[PDB]
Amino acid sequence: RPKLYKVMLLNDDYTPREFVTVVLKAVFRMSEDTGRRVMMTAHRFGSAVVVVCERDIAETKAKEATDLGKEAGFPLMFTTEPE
């Protein structure tokens, strides 16, 4: 069976809180409330699981979300890691 991969949101000190939130809404189809909570989870504990899915999908979403921050001049980082 294909291995599943966690998409992780990593904290940083520069990306605006609300920007992270709308990234989460747009790329991972979260509500505002859910988005804030995941954002805040990473904010407090250094990181947060966003979603767990098939590798290629996990990689694609992590990059899409990362690029949004990157092209905005933010160090916002979404990574993948196996479970």
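Residue numbers here begin at 1 and follow the sequence given.
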Practice item. Identify, among 10, 72, 62, 22, the residue whose C-alpha carries the highest B-factor in the deposited PDB entry. Key: 72
Review point. Which third of the chain holds residue 53 when residues are ordered by C-alpha B factor: lowest, middle or highest?
Key: highest
Practice item. Ordered by C-alpha B-factor within the chain, which third holds residue 26? Give me lowest, middle or highest, please. Key: middle
Point to revise | Assigned third (lowest, middle, highest) for the C-alpha B factor of residue 4 | key: highest
